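Engineer: Handing you this structure, nothing more for now.
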Amino acid sequence: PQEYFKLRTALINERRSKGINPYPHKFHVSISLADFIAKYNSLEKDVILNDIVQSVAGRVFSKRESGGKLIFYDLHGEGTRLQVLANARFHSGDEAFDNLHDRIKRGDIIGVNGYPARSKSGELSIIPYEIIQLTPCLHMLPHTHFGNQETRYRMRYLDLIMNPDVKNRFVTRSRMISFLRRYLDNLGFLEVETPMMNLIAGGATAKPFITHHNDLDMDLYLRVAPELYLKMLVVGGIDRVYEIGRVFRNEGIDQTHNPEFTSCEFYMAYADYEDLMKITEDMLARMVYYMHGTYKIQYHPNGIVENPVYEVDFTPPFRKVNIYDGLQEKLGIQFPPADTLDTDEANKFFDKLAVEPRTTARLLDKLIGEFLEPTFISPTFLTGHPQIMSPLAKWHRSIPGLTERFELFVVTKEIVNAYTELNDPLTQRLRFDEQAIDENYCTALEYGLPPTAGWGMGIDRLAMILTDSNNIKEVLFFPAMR
Amino acid sequence: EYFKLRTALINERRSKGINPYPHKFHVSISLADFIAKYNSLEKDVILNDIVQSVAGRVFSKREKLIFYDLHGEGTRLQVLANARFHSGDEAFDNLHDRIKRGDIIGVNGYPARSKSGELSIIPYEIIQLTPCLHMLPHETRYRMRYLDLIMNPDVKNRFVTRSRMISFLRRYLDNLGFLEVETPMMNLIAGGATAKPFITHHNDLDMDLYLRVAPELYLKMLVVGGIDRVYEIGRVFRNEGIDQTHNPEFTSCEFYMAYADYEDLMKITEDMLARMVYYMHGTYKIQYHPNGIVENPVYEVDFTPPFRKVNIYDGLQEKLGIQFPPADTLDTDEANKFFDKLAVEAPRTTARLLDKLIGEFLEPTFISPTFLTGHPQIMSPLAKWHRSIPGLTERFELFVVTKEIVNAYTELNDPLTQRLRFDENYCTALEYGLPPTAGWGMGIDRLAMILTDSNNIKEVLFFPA
Ligand SMILES: C[C@H]1CCC[C@H](C[C@H]2Cc3cc(O)cc(O)c3C(=O)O2)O1
Ligand SMILES: C[C@H]1CCC[C@H](C[C@H]2Cc3cc(O)cc(O)c3C(=O)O2)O1
Ligand SMILES: N[C@@H](CCCC[NH3+])C(=O)O
Ligand SMILES: N[C@@H](CCCC[NH3+])C(=O)O
């Protein structure tokens, strides 16, 4: 196996030591493989256009020997394949047909100048009069009985060669971001960009990355959310602000977590969160119907191999749930609406239900995670979070101890977080400040923030759902696996 | 100051059981669509059968009739407060002392057009959605951009342009069959251009990582794996420090095309930049003022193809009036490369000396977009060697108004890549083979500098340093 790489490195080095270049500079591609197949489709069985010369290029996936005149190569380019039929009668070169095809192995990248033809068996093909080896493949490719686990992630290029469904997998993701962007842009949004390095890295409930910026003699935090900036932009007269971009969080690596992930956040003035619900429903529905043709798609937690199947249904309207009602019915207890008390801290802690620093907000997050969240397979709205875990959401017009935040869960994971933005410069902040605050932001609020609805979504996670991948590493080209 | 008094009034209103910051005001139509809708209305007519609800920030207040100039989006609309149409308990006196300039207000009112032709809305009710607790005015505008956007509403136009620029680029490459992808911004060993990287720590892996200084190597691996045309627009992190053309964090656009040489990327860059310039402005030839407060000198950048092509050796040999040695890696050529008498002037090696010489003598001649071609192999490790002139690379740079905005080359196709520098997972990927390919990259912030006609990169950036 290694000796085969040694062997071909010998052949390539002796080819370069005889004055020949194994890695050429420029090959002219006359027609695209796709454009080739769509064209010459009118070909007949065993016809060859010898008066027409086309130049096509690609990677050799398989080599089939006929033991003489004919040698068959299956050429993969982009998403299509074309059979280059090497016939000795059509070879026009001062390379002997025998020695030449010892030079081209499987995996090698070749250009081809040849005649469009369709063989007697009907195979659409190009018959080269000349073959130029564009790149040698110095390694041994798997025999299609192989090509998995950890290796696929570390060496993505190989995975894309052997498993084209990864390629379709990512194409779908890019077409997704294209769709979302063309949607928001159709809604009058303006895509902008915010600093990824801040003095305080506001604002989200995670741990940030710390780096050092040399010019200023000071340390900076990588952004955990574009929020505070987008809101300041809303203050300045931009009514609809929109940003798709990455976010850096220091939380450990998981199947649903990556330290750096793509987040889409947008802020819309003169709307409450009840508007954003009727937006998220619309968007997710039309996106699902856009991609798969139907509103109801399957998801497999196991990995598409006889595991329990969740039947994700994106038809509007998604069911609505409260935190207090659902947790009260699940646990069978009565809670206090405003719970900033230590005496109230004993109550949440007392009702552990053996689920797992203990504060009211961390306990509540844990209680919700354990009891309410795993029930969510079909998309579900989770409404009315406390103010202790939602500092930047405006207070509820009715319940004194709740906020207008809502989350959206699909297959037991949170892909969307939104709220009605707090325009009040009297903002009470977290006392303990443990693992979870900008002076210039409150002063931006003093100039005034219109009634606003902020919204955010994990892009990689929606890609996970619509890709049917149990691991986030499958929708990321180069994940954090190490 | 004035903030103490208004926070006093708002808080004293807060202690009487009133909500100073309402939750939802239902806006019927945006101001733009309003003026566009009722521009055809007759004059001296007031429409009583139509009730519209528009909201915005009050730019100015002038006091029977009280005049508000309401700024929404990129348009303003005249709110005409008449006491005869007030439908409230207050009766027009107490109420309009509560709303000052800078306040964000909603308005439910009647479309009307005065005899003078001025289009206006007459509110029957005014709901103050947010108070402005500070006093609006008559270098810190980079620190506080929200106030800049409030006082100078036209600044938005620059950033809108940037968006409509990137969108254009996105619509261009997507028409060519390109696939927008995204690559990790954190690497153990950040490959790419020549700069200093950021060092950060990742706790889960308990290791030090480098922020990406270029999407280069990753995109090249993506091309290896069968993706023929790749492109990534995204932010990039360099530790070199702040300047007028430099910001530590800037937006870069790169694309890679298999089966293309660098002359194809030149004949493309010409095409794209031409069509985009004609798209934004009215002609291929635009103005530029490198002195912002001032007005002289005025460059006359011309985007009409074909841009001038220049070599490093020919142009620097003619400009300096001496003949250089051929492309030699050796120590001997560096002694010639000093040129202390020329006083062009850190560690000085043949590559850094050559770069400073280009920077002083050759580069300032570039006003119209100019291709600067054939850099040595000592300054271009990832560019393939020149097919004709040895010891040279197929790299080229593009300069406009004496600054570098795009860099492209024919990617090094040989896994015998000599990366030795004096003062891995990538090379093993090249062994599986990289088709003959052409890479391309561009600073987005700098093309925004040109097309916004700003001498400062902070003027095309929302929150600079
Ligand atoms: C932009 C945010 C908004 C809230 C939902 C979702 C949460 C986000 C949290 C998060 C943290 C982390 O360390 C790694 C990750 O992959 C994610 C994620 O995908 O989802 O995305
Ligand atoms: C990807 C490259 C290609 C060439 C133009 C442009 C150069 C780039 C260099 C650069 C270095 C730096 O430390 C700070 C900056 O703002 C820039 C920049 O904007 O432009 O982007
Ligand atoms: N920082 C939030 C996402 C943005 C929410 C804005 N409404 C989170 O991840 O929890
Ligand atoms: N490393 C390049 C950017 C990538 C160019 C690839 N053609 C630079 O000088 O910034």
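Engineer: Has region B:162-171 got any residue that is within 16 Å of ligand 4 (Cβ to nearest atom), under 19 Å from the mean Cα position of the chain (by Cα) and closer than 21 Å to B:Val460 by Cβ?
Structural biologist: Within region B:162-171, one or more residues are within 16 Å of ligand 4 (Cβ to nearest atom), under 19 Å from the mean Cα position of the chain (by Cα) and closer than 21 Å to B:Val460 by Cβ.
Engineer: Tell me which residues, restricted to region B:85-129, are out of contact with any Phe, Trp or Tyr (no Cβ under 9 Å at 6 or more places or on another chain) and basic (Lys, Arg).
Structural biologist: B:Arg98, B:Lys100, B:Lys115 - these are the residues of region B:85-129 that are out of contact with any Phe, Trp or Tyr (no Cβ under 9 Å at 6 or more places or on another chain) and basic (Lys, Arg).
Engineer: Still on this structure, I have one more. What pairs come up if the first residue lies in region B:286-301 and is within 22 Å of B:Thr370 (Cβ to Cβ), the second is surrounded by 10 or more Cβ atoms within 10 Å (Cβ to Cβ) and basic (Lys, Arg), and their beta carbons are under 8 Å apart, counting only those six or more places apart or on different chains?
Structural biologist: B:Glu300/B:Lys285; B:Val301/B:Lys285
Engineer: Do you know which residues across region B:267-290 are crowded, with 21+ Cβ neighbours inside 10 Å and either within 14 Å of chain A (Cβ to nearest Cβ) or in contact with a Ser or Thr (Cβ under 9 Å, 6 or more places away or on another chain) (or both)?
Structural biologist: B:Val277 - this is the single residue of region B:267-290 that is crowded, with 21+ Cβ neighbours inside 10 Å and either within 14 Å of chain A (Cβ to nearest Cβ) or in contact with a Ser or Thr (Cβ under 9 Å, 6 or more places away or on another chain) (or both).
Engineer: Given (1) in contact with a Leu (Cβ under 8 Å, 6 or more places away or on another chain); (2) under 30 Å from A:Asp108 (Cα atoms); (3) of a type in the set (S, T, N, Q), identify the lone condition not met by B:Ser388.
Structural biologist: The failed condition is (1).
Engineer: For A:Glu407, state whether it is under 27 Å from A:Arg246 (Cβ atoms) and surrounded by fewer than 22 Cβ atoms within 10 Å (Cβ to Cβ).
Structural biologist: Considered against the rule, which asks whether it is under 27 Å from A:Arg246 (Cβ atoms) and surrounded by fewer than 22 Cβ atoms within 10 Å (Cβ to Cβ), A:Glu407 comes out as yes.
Engineer: Which one is nearest to the chain's Cα centre (by Cα), of the residues in region B:144-161 that are at the interface with chain A (Cβ under 8 Å from one of its Cβ atoms) and over 15 Å from B:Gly102 (Cα atoms)?
Structural biologist: The qualifying residue nearest to the chain's Cα centre (by Cα) is B:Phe159.
Engineer: Suppose we keep only residues that are within 25 Å of A:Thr9 (Cα to Cα) and among the aromatic types (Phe, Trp, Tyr) within region B:410-458. Which one would you say is surrounded by the most Cβ atoms within 10 Å (Cβ to Cβ)?
Structural biologist: By that ranking, first place goes to B:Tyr432.
This table checks each residue for (1) away from ligand 1 (no atom under 16 Å from the Cβ); (2) closer than 17 Å to B:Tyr262 by Cβ; (3) within 14 Å of chain A (Cβ to nearest Cβ); (4) not aliphatic (A, V, I, L, M).
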| site | (1), (2), (3), (4) |
| --- | --- |
| B:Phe371 | yes, yes, no, yes |
| B:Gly374 | yes, yes, no, yes |
| B:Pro381 | yes, yes, no, yes |
| B:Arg387 | yes, yes, yes, yes |
| B:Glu397 | yes, yes, no, yes |
| B:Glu404 | yes, yes, no, yes |
| B:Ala408 | yes, yes, no, no |
| B:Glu411 | yes, yes, yes, yes |
| B:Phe422 | yes, no, no, yes |
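Quick grid of which residues meet (1) out of contact with any strand residue (DSSP E or B) (no Cβ under 6 Å at 6 or more places or on another chain); (2) within 16 Å of ligand 1 (Cβ to nearest atom); (3) part of a strand (DSSP E or B); (4) acidic (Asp, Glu):
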{"site": "A:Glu243", "(1), (2), (3), (4)": "no, yes, yes, yes"}
{"site": "A:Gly252", "(1), (2), (3), (4)": "yes, yes, no, no"}
{"site": "A:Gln255", "(1), (2), (3), (4)": "yes, yes, no, no"}
{"site": "A:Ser263", "(1), (2), (3), (4)": "no, yes, yes, no"}
{"site": "A:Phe266", "(1), (2), (3), (4)": "no, yes, yes, no"}
{"site": "A:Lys278", "(1), (2), (3), (4)": "yes, no, no, no"}
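Engineer: Pick from region B:187-221 the residues that are in contact with a strand residue (DSSP E or B) (Cβ under 6 Å, 6 or more places away or on another chain), facing chain A (nearest Cβ under 8 Å) and not aliphatic (A, V, I, L, M): which of them is nearest to ligand 2 (Cβ to nearest atom)?
Structural biologist: Looking at residues that are in contact with a strand residue (DSSP E or B) (Cβ under 6 Å, 6 or more places away or on another chain), facing chain A (nearest Cβ under 8 Å) and not aliphatic (A, V, I, L, M), I get B:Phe198.
Engineer: Sort through B:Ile50, B:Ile105 and tell me the only one that's among the β-branched types (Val, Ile, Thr) and more than 21 Å from B:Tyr146 (Cα to Cα).
Structural biologist: B:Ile50
Engineer: Quick one: what pairs do we get from region B:132-147, first residue farther than 19 Å from B:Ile105 by Cβ, second outside any loop (DSSP other than H, G, I, E, B), C-beta under 6 Å, 6+ apart or different chains?
Structural biologist: B:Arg141/B:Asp148; B:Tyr142/B:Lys458
Engineer: Against the conditions (1) acidic (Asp, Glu); (2) under 30 Å from A:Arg81 (Cα atoms); (3) surrounded by fewer than 22 Cβ atoms within 10 Å (Cβ to Cβ), where does B:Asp243 fall short? Just the number, please.
Structural biologist: Looking at each condition in turn, B:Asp243 falls short on (2).
Engineer: Keeping to region A:333-364, report how many residues are under 27 Å from A:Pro379 (Cβ atoms) and over 37 Å from the mean Cα position of the chain (by Cα).
Structural biologist: Of the residues in that region, 1 qualify.
Engineer: Okay, next question. Output the strands (runs of 3 or more DSSP E) that fall wholly within region A:1-98 and possess 2 or more residues being more than 17 Å from A:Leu134 (Cα to Cα) and within 14 Å of another protein chain (Cβ to nearest Cβ), or say none.
Structural biologist: Answer list for region A:1-98: A:80-86.
Engineer: Please tell me if B:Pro290 is out of contact with any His (no Cβ under 9 Å at 6 or more places or on another chain), more than 25 Å from B:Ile457 (Cβ to Cβ) and either in the same structural domain as B:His375 (by CATH) or among the basic types (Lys, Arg) (or both).
Structural biologist: no
Engineer: Please verify whether A:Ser178 is surrounded by 16 or more Cβ atoms within 10 Å (Cβ to Cβ), polar (S, T, N, Q) and either under 30 Å from A:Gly454 (Cβ atoms) or more than 9 Å from chain B (Cβ to nearest Cβ) (or both), treating the condition exactly as stated. I'd like the intermediate steps shown before the answer.
Structural biologist: Details: surrounded by 16 or more Cβ atoms within 10 Å (Cβ to Cβ): no; polar (S, T, N, Q): yes; either under 30 Å from A:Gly454 (Cβ atoms) or more than 9 Å from chain B (Cβ to nearest Cβ) (or both): yes.
Criteria not met by A:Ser178.
Engineer: Being assigned to a loop (DSSP other than H, G, I, E, B) and touching a helix residue (DSSP H, G or I) at 6+ places or on another chain (Cβ under 8 Å) narrows it down to one residue among A:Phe478, A:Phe432; which is it?
Structural biologist: Within the list A:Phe478, A:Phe432, the selection yields A:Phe478.
Engineer: Yes or no: A:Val234 outside any helix (DSSP H, G or I) and either within 15 Å of ligand 3 (Cβ to nearest atom) or more than 10 Å from chain B (Cβ to nearest Cβ) (or both)? Reasoning before the result, please.
Structural biologist: On the way: outside any helix (DSSP H, G or I): no; either within 15 Å of ligand 3 (Cβ to nearest atom) or more than 10 Å from chain B (Cβ to nearest Cβ) (or both): yes.
When the stated conditions are applied, A:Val234 does not pass them.
Engineer: Kindly indicate the residue of region B:100-136 that is in a loop (DSSP other than H, G, I, E, B) and under 30 Å from B:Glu42 (Cβ atoms) and also nearest to the other protein chains (Cβ to nearest Cβ) among those meeting that condition.
Structural biologist: Only one residue tops the list, namely B:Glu118.
Engineer: Determine, yes or no, whether B:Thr452 is among the β-branched types (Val, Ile, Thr), closer than 30 Å to A:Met481 by Cβ and out of contact with any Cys (no Cβ under 6 Å at 6 or more places or on another chain).
Structural biologist: Details: among the β-branched types (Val, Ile, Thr): yes; closer than 30 Å to A:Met481 by Cβ: no; out of contact with any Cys (no Cβ under 6 Å at 6 or more places or on another chain): yes.
In short, no.
Engineer: Turning to a different aspect of this structure: Restricting to region B:400-445, and then to whatever is of a type in the set (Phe, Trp, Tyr) and touching an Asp or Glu at 6+ places or on another chain (Cβ under 8 Å), can you tell me which residue is farthest from ligand 3 (Cβ to nearest atom)?
Structural biologist: Result: B:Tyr409.
Using ideal geometry, Cβ is built from the backbone for each residue, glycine included, and neighbour counts are taken over all protein chains shown. Basis: the model, the stated rules and, where named, an outside source; these are not laboratory values.
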